[PDB]
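Student:
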Amino acid sequence: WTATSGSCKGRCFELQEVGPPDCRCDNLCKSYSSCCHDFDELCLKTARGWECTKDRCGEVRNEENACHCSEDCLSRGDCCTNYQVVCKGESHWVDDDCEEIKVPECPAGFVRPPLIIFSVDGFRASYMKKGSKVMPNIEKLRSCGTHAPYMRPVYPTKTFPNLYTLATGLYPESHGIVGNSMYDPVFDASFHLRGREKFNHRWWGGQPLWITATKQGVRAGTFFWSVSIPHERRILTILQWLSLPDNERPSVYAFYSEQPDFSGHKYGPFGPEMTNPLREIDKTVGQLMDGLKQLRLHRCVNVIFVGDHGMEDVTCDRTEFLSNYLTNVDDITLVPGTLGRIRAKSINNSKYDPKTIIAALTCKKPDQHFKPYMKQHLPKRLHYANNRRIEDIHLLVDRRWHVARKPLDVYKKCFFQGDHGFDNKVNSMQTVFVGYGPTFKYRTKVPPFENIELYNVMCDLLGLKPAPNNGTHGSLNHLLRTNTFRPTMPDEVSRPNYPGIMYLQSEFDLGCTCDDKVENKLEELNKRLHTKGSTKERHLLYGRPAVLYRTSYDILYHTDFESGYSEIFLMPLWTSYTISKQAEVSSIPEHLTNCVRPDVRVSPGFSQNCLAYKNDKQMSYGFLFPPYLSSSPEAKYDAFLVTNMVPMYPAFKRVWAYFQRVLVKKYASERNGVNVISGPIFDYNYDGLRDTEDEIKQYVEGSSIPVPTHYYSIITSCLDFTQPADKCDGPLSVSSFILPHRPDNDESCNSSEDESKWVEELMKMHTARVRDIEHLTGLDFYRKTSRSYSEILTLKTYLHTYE
Ligand SMILES: *[C@@H]1O[C@H](CO)[C@@H](O[C@@H]2O[C@H](CO)[C@@H](O[C@@H]3O[C@H](CO[C@H]4O[C@H](CO[C@H]5O[C@H](CO)[C@@H](O)[C@H](O)[C@@H]5O)[C@@H](O)[C@H](O[C@H]5O[C@H](CO)[C@@H](O)[C@H](O)[C@@H]5O[C@H]5O[C@H](CO)[C@@H](O)[C@H](O)[C@@H]5O)[C@@H]4O)[C@@H](O)[C@H](O[C@H]4O[C@H](CO)[C@@H](O)[C@H](O)[C@@H]4O[C@H]4O[C@H](CO)[C@@H](O)[C@H](O)[C@@H]4O)[C@@H]3O)[C@H](O)[C@H]2NC(C)=O)[C@H](O)[C@H]1NC(C)=O
Ligand SMILES: O=C(/C=C/c1ccc(OC(F)(F)F)cc1)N1CC[C@@H]2CN(C(=O)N3CCc4[nH]ncc4C3)C[C@@H]2CC1
Ligand SMILES: [Ca+2]
Ligand SMILES: [Zn+2]
Ligand SMILES: [Zn+2]
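Sequence positions in the sequence shown follow mature numbering (1 follows the signal peptide of the UniProt record, and there is no 0) and run 24 to 436, 441 to 546, 549 to 564, 590 to 857.
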């Protein structure tokens with residue numbers, strides 16, 4: 024109920040919100056159907072239009088007009104944005120040569136530079152270059168300010184997940200808006216694009232920028248705009264707010280445009296009809312900047328121009344139908360489109376089974392345009408699992424395609444040529460970022476980065492303390508002129524032990540054998558130095599990783615590698631080695647095929663044993679440092695120590711062996727040496743975070759040896775590849791993966807083929823950030839470099855995309 028009998032007289036776009044059942048006048052009262060009777064008359068004036076003409080100059084104030092050209096208009100804060108150009112012979116912002124803003128130049132009574140977020144829906148990254156001819160304002164912002172070639176959105180590359188991620192710094196799995204459409208089994212309620220449940224507080228988690236500002240004493244405009252309010256009225260409302268008195272004036276604002284997403288759906292990303300929406304957006308930017316100039320704020324305000332996701336070519340005829348795969352199609356509910364989420368239709372049907380659903384969707388058609396996953400097996404870079412709103416079964420859909428339940432869903436609901448939502452590393456899904464103003468750098472290109480990182484920066488732009496979020500605070504300090512947040516390395520929690528030789532061979536009863544008994550002052554003193562750390591500078595290039603939790607572990611030195619061995623998990627947490635360009639691959643000699651050797655530095659009670667692997671018919675083992683890369687015949691025996699061994703499924707061994715035998719040497723050649731850090735990850739509860747000892751769901755049968763959910767590697771070299779990995783003076787270059795440790799290779803449909811046709815493809819899909827591995831392991835890498843710490847943070851957020 025709303026008693027709409029109140030008035031918006033002197034209340035137009037009020038900032039505080041008045042509670043029911045009184046009538047509202049804010050920029051969202053339309054969407055709630057709760058505006059006062061006179062809202063349109065008073066607050067949405069349209070008369071005479073949005074521009075001053077020559078004949079309106081010095082007119083007599085007529086309050087009916089959308090905006091004004093009367094002499095009193097500047098004091099009132101309500102001129103049309105081109106008033107000074109027509110009536111005072113001033114020039115448009117876009118026509119001025121751009122001059123570095125070295126110091127904020129703000130009017131008296133402005134305590135901080137204000138921030139304006141200019142958000143544009145569906146603004147594909149390539150529009151910046153391809154549309155630059157018809158976007159002079161946006162192109163001036165871009166080239167004078169700070170820009171990225173693109174910004175990576177979050178998955179799913181939908182509007183609500185991405186807009187709320189921008190506002191919070193959180194993965195959708197954490198903020199709770201995991202799609203445009205959601206079912207919550209605990210509330211037993213659905214969230215829809217169209218309807219009233221989406222207004223409920225309970226859906227929205229974390230702490231968005233406007234709330235963070237408010238709680239810390241920084242005033243905010245209201246970010247959201249009812250569709251029916253024209254863009255020109257949005258721009259004027261923001262400029263009016265900027266003219267309020269100091270104690271009433273907000274410091275942070277947002278504009279939002281439904282374009283170009285809206286037209287993009289109809290016409291495709293580059294439909295010839297897409298030029299006009301792009302002109303229109305640019306005209307709107309021009310109005311803002313012209314408007315700020317009039318207020319003398321154009322060298323004072325920080326402006327962020329930012330998109331939520333891109334747009335792809337997608338038609339009716341590229342739809343896969345689940346009814347061509349499943350017999351029991353009427354037993355399932357599908358959330359359809361550019362991603363698929365499946366659950367049971369009724370809670371009271373016990374003949375429903377996910378195992379059989381996945382199976383029926385798995386590599387069934389030669390050309391299949393989607394792949395099923397249990398949510399925990401999705402690539403960890405997507406971070407899309409740890410929410411009760413994300414259904415257990417997920418379909419990742421190929422760019423350009425749809426999934427639907429039955430064909431009727433598509434012709435009785441072609442209309443559309445564009446869509447988005449796909450995997451967030453797909454090129455067509457990337458979006459834009461440009462910062463312009465006093466706190467941003469001048470004429471600066473920065474590398475691509477992810478939208479989760481912005482909340483932190485926007486908080487810095489405003490002097491705010493960000494709420495806990497998924498950004499890495501400091502990783503974007505290179506966008507900023509000043510206002511840097513200067514982070515410090517986390518302290519190490521566990522220090523390592525350094526075991527010498529403490530055990531005789533006969534103390535071990537591991538069921539292992541090795542033919543190593545075939546046997549020198551000079552050369553024995555020398556391998557002893559190797560065990561004490563003499564070649590650690592070669593193999594541990596950036597310091598040892600810090601363990602950021604309470605645990606018990608040993609550092610183990612060898613000729614060819616170094617590891618941090620956990621006495622709790624009975625395996626290394628990490629193993630580190632360097633492979634130069636000149637290094638040769640050898641094979642595992644005949645006599646050492648089944649060789650496993652006891653490590654006289656580590657008690658039998660802290661070791662794996664071979665018998666458990668003998669007995670467990672599903673489980674085999676593999677090695678973290680690869681024997682294929684041993685520097686010498688004598689060094690090769692080090693690679694067979696029971697402390698270099700890790701549990702692997704025979705199907706996964708296929709993937710790992712190819713990686714270690716072929717790919718590592720390939721990267722060494724291509725990058726001029728590589729440093730490799732490899733290890734296990736235990737994430738049974740799929741929260742992206744290291745599991746503790748009491749959370750391990752699977753052990754090698756009959757033993758306390760835990761089975762990893764994933765294996766990672768981090769592969770570092772010199773950004774300038776004319777310098778070797780082990781002798782790099784400058785910035786570093788990195789790529790990483792987090793390979794799921796699966797008992798079959800069902801994920802890769804061509805796996806019955808040679809590893810050269812499918813293994814590297816699988817790794818690319820599971821590319822990762824060093825930061826991703828950090829959360830999963832509780833380790834901190836790159837502790838000792840010659841690089842600045844902010845630069846290292848940037849390196850840790852880097853994702854190698856292969857697009
Ligand atoms: C990305 O970043 C985010 C944020 O940094 C990371 O997510 C955080 O991760 C933490 C660890 O996983 C987690 O700590 C929890 O906190 C539990 C209580 O949290 C509630 O309150 C939160 C704070 O709100 C206030 O925030 C500010 C301060 O900044 C205040 O000033 C305000 O006044 C605010 O009110 C709140 O954010 C949180 O909301 C979540 O849950 C709601 C759903 O009910 C959603 O609305 C919302 O979207 C959040 O939902 C996400 O997170 C939850 C997990 O919390 C998850 O279920 C969802 O899937 C979704 O992803 C809460 O309302 C606290 O209870 C926890 O302590 C338990 O576990 C520990 C384990 O050590 C035990 O010691 C302890 O006993 C306790 O266990 C008890 O309960 C168990 C289960 O019932 C039981 O087994 C046991 O026996 C015990 O009884 C723990 O400390 C943060 O909540 C979380 N924050 C957010 C926003 O998500 C994330 O990890 C990062 N991701 C990556 C990959 O790095
Ligand atoms: O104008 C906006 C958004 C502006 C904006 C600007 C910057 C942002 O990013 C950041 F953080 F970087 F600044 C994020 C958003 N929108 C967003 C899309 C939906 C939201 N909505 C709703 O009806 N609801 C969504 C939210 C909300 N608040 N109160 C009710 C409702 C329901 C209708 C519709 C209006 C237009
Ligand atoms: Ca976990
Ligand atoms: Zn969108
Ligand atoms: Zn859209």
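Every residue gets a Cβ at the ideal spot worked out from N, C-alpha and C, and that includes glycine.
#1: Are the CB atoms of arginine 825 and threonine 851 within a distance shorter than 8 Å?
#2: Assign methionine 516 to buried or exposed, taking buried as 16 or more other Cβ atoms, counted over all protein chains shown, within 10 Å of its Cβ.
#3: Answer yes if the stretch 627-643 comes into contact with the stretch 591-607, meaning at least three C-beta pairs across the two stretches below 8 Å, and no otherwise.
#4: Note down, in chain order, each residue of its chain lying with its Cβ closer than 6 Å to the Cβ of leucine 262, except the 5 sequence neighbours on either side.
#5: Go through the residues and name those whose CB comes closer than 6 Å to any heavy atom of ligand 5, in chain order.
#6: Can you look up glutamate 591 in the DSSP assignment and give me helix, strand or coil?
#7: Taking 7 Å as the cut-off, does the CB of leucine 847 come closer than this to any heavy atom belonging to ligand 3?
#8: Exposed or buried, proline 43, counting other C-beta atoms within 10 Å across all chains shown (16 or more means buried)?
#9: Restricting to Cα atoms, I'd like to know which of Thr169, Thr25, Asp614, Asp336 is closest to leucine 506.
#10: Tell me where the alpha helix (DSSP H) around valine 108 begins and ends.
#11: Measuring from the CB of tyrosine 279, is there a heavy atom of ligand 2 at a distance below 7 Å?
#12: Would you mind reading off the limits of the alpha helix (DSSP H) that contains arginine 364?
#13: Beta carbon of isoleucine 609: closer than 7 Å to some heavy atom of ligand 2?
#14: If we count Cβ pairs, one from each stretch, closer than 8 Å, do we get three or more for the stretch 391-403 versus the stretch 304-322?
#15: Run the CB neighbour count on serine 455, radius 10 Å, all protein chains shown included, and call it buried at 16 or more, exposed below.
#16: Could you check whether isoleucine 252 and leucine 67 sit closer than 8 Å to each other, using their CB atoms as the reference points?
#17: Considering only the beta carbon of each residue, do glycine 448 and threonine 361 sit closer than 8 Å?
#18: DSSP three-state label for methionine 702, please.
#19: Is the beta carbon of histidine 215 within less than 7 Å of some heavy atom of ligand 4?
#20: In chain order, what are the residue ranges of uninterrupted alpha helix (DSSP H) at least 4 long that sit wholly in the stretch 141-202?
#21: Work out the CA separation of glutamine 399 and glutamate 519 for me, nearest whole Å.
#22: Secondary structure at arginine 319, three-state DSSP: helix, strand or coil?
#23: Is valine 754 helix, strand or coil when you go by DSSP?
#24: Taking the CB atoms as reference points, tell me whether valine 209 and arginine 411 lie closer together than 8 Å.
#25: Per the contact definition of three or more C-beta pairs closer than 8 Å, is the stretch 813-824 in contact with the stretch 747-762?
#26: Looking at the strands, I want to know which residues DSSP matches up with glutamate 343.
#27: I need the straight-line Cα distance from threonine 540 to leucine 646, nearest angstrom please.
#28: Do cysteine 46 and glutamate 37 count as a contact pair if the criterion is CB distance below 8 Å?
#29: If you drop the 5 nearest sequence neighbours on each side, which residues of the same chain put their C-beta closer than 7 Å to that of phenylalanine 775?
#30: Alpha carbons only, please: which of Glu546, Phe214, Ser640 is nearest the one belonging to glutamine 714?
#31: Do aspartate 748 and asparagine 739 have their CB atoms nearer than 8 Å?
#32: Only counting runs of 3 or more residues, tell me where the beta strand (DSSP E) segments fall wholly within the stretch 625-662, in order along the chain.
#33: Is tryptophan 248 near ligand 2, judged by its Cβ being under 7 Å from some heavy atom?
#34: Looking at the secondary structure, which residues open and close the alpha helix (DSSP H) in which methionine 673 lies?
#35: Who are the near neighbours of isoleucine 759 in its chain, counting only those whose CB is closer than 7 Å to its CB and skipping five residues on each side?
#36: With burial defined as no fewer than 16 other Cβ atoms inside 10 Å of the residue's Cβ, what is the status of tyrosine 106: buried or exposed?
Tutor: By the coordinates alone:
#1: Here residue 851 is taken as the residue at index 797 of the sequence shown, counted from 1. Here residue 825 is taken as the residue at index 771 of the sequence shown, counted from 1. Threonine 851 is a Cβ neighbour of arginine 825, given a cutoff of 8 Å.
#2: Walking along the sequence shown from the start, residue 516 turns up at place 489. Counting the other Cβ atoms within 10 Å of the Cβ of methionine 516 gives fewer than 16, which makes it exposed.
#3: In short, these stretches touch, since the Cβ pair count reaches three.
#4: Counting from 1 along the sequence shown, the entry for residue 262 is found at position 239. Counting only Cβ-Cβ distances below 6 Å, and skipping sequence neighbours, we find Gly314.
#5: Working through the chain, the matches are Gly145, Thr182, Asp284, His288, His447.
#6: Working through the sequence shown from its first residue, we reach residue 591 at position 537. Three-state result, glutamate 591: helix.
#7: As a working note, residue 847 is residue 793 in the sequence shown. No, Cβ of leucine 847 sits at least 7 Å from all heavy atoms of ligand 3.
#8: Stepping through the sequence shown from its first residue, residue 43 is reached at position 20. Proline 43 counts as exposed, since fewer than 16 other beta carbons sit within 10 angstroms of its beta carbon.
#9: On the sequence shown, residue 506 is found 479 positions in, with the first residue counted as 1. Closest by C-alpha distance to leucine 506, out of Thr169, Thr25, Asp614, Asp336, is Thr169.
#10: Here residue 108 refers to the residue found at position 85 of the sequence shown. From DSSP, the alpha helix (DSSP H) with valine 108 extends over 106-110.
#11: For this step, residue 279 is matched to residue 256 along the sequence shown. Short note on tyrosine 279: C-beta closer than 7 Å to some heavy atom of ligand 2.
#12: Taking the sequence shown and counting its residues from 1, the one referred to as residue 364 is at position 341. Secondary structure note for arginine 364: it is in no alpha helix (DSSP H), and the uninterrupted beta strand (DSSP E) holding it is 362-367.
#13: Along the sequence shown, one-based indexing puts residue 609 at 555. Not so, every heavy atom of ligand 2 lies at least 7 Å from the Cβ.
#14: Counting Cβ pairs under 8 Å, fewer than three are found: no touch.
#15: Locating residue 455 in the sequence shown gives position 428, counting from the first residue. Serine 455 comes out buried.
#16: For the purposes of this step, residue 67 is taken as the residue at position 44 of the sequence shown. For the purposes of this step, residue 252 is taken as the residue at position 229 of the sequence shown. The Cβ-Cβ distance between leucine 67 and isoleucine 252 falls below 8 Å.
#17: The residue you call residue 448 lines up with position 421 of the sequence shown. The residue you call residue 361 lines up with position 338 of the sequence shown. Taking 8 Å as the Cβ cut-off, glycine 448 and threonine 361 qualify as a contacting pair.
#18: Here the question's residue 702 lines up with position 648 in the sequence shown. Strand at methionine 702.
#19: Position 192 of the sequence shown, counting from 1, holds the residue named residue 215. Distances from the CB of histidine 215 to the heavy atoms of ligand 4 are all 7 Å or more.
#20: Listed in chain order, the complete alpha helix (DSSP H) runs (minimum 4 residues) inside the stretch 141-202 are 150-153, 159-167, 182-191, 195-198.
#21: Reading the sequence shown from its first residue, position 492 is the one you call residue 519. Reading the sequence shown from its first residue, position 376 is the one you call residue 399. So the alpha carbons of these two residues sit roughly 30 Å apart.
#22: One-based indexing of the sequence shown puts residue 319 at position 296. DSSP, read as helix, strand or coil, puts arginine 319 in coil.
#23: Taking the sequence shown and counting its residues from 1, one reaches residue 754 at position 700. It is coil, neither helix nor strand.
#24: Here residue 209 refers to the residue found at position 186 of the sequence shown. Here residue 411 refers to the residue found at position 388 of the sequence shown. With respect to the 8 Å criterion, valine 209 and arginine 411 are classified as neighbours on the basis of their beta carbons.
#25: No contact exists between the stretch 747-762 and the stretch 813-824.
#26: Translated into positions along the sequence shown, residue 343 becomes position 320. Paired residue(s): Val426.
#27: One-based indexing of the sequence shown puts residue 540 at position 513. One-based indexing of the sequence shown puts residue 646 at position 592. In a straight line, the C-alpha of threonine 540 is about 10 Å away from that of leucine 646.
#28: Numbered from 1 along the sequence shown, position 14 holds the residue referred to as residue 37. Numbered from 1 along the sequence shown, position 23 holds the residue referred to as residue 46. No, the pair does not count as a contact, with Cβ atoms beyond the cut-off.
#29: In the sequence shown, the residue the question calls residue 775 occupies position 721. Its chain contains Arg725, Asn726 as the residues whose beta carbon lies nearer than 7 Å to that of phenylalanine 775, once the 5 sequence neighbours on both sides are disregarded; these appear in chain order.
#30: Taking the first residue of the sequence shown as position 1, residue 714 is located at position 660. When each option's Cα is compared against that of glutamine 714, the closest is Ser640.
#31: For the purposes of this step, residue 748 is taken as the residue at position 694 of the sequence shown. For the purposes of this step, residue 739 is taken as the residue at position 685 of the sequence shown. Judged by their CB atoms, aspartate 748 and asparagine 739 are not nearer to each other than the 8 Å cut-off.
#32: Positions of the beta strand (DSSP E) runs, each at least 3 residues long and wholly inside the stretch 625-662, are given as 625-633 in order along the chain.
#33: Residue mapping note: residue 248 aligns to position 225 of the sequence shown, counting from 1. Under cutoff, so the answer is yes.
#34: Within the sequence shown, the letter at position 619 stands for residue 673. Where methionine 673 is concerned, there is no enclosing alpha helix (DSSP H), given that its DSSP letter is neither H nor E.
#35: Taking the sequence shown and counting its residues from 1, one reaches residue 759 at position 705. Hits under 7 Å: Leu624, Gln662, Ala666, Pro701, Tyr753.
#36: Residue numbering aside, residue 106 sits at position 83 when the sequence shown is read from its first letter. Residue burial annotation: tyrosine 106 is buried, with at least 16 other C-beta atoms found within 10 angstroms of its C-beta.
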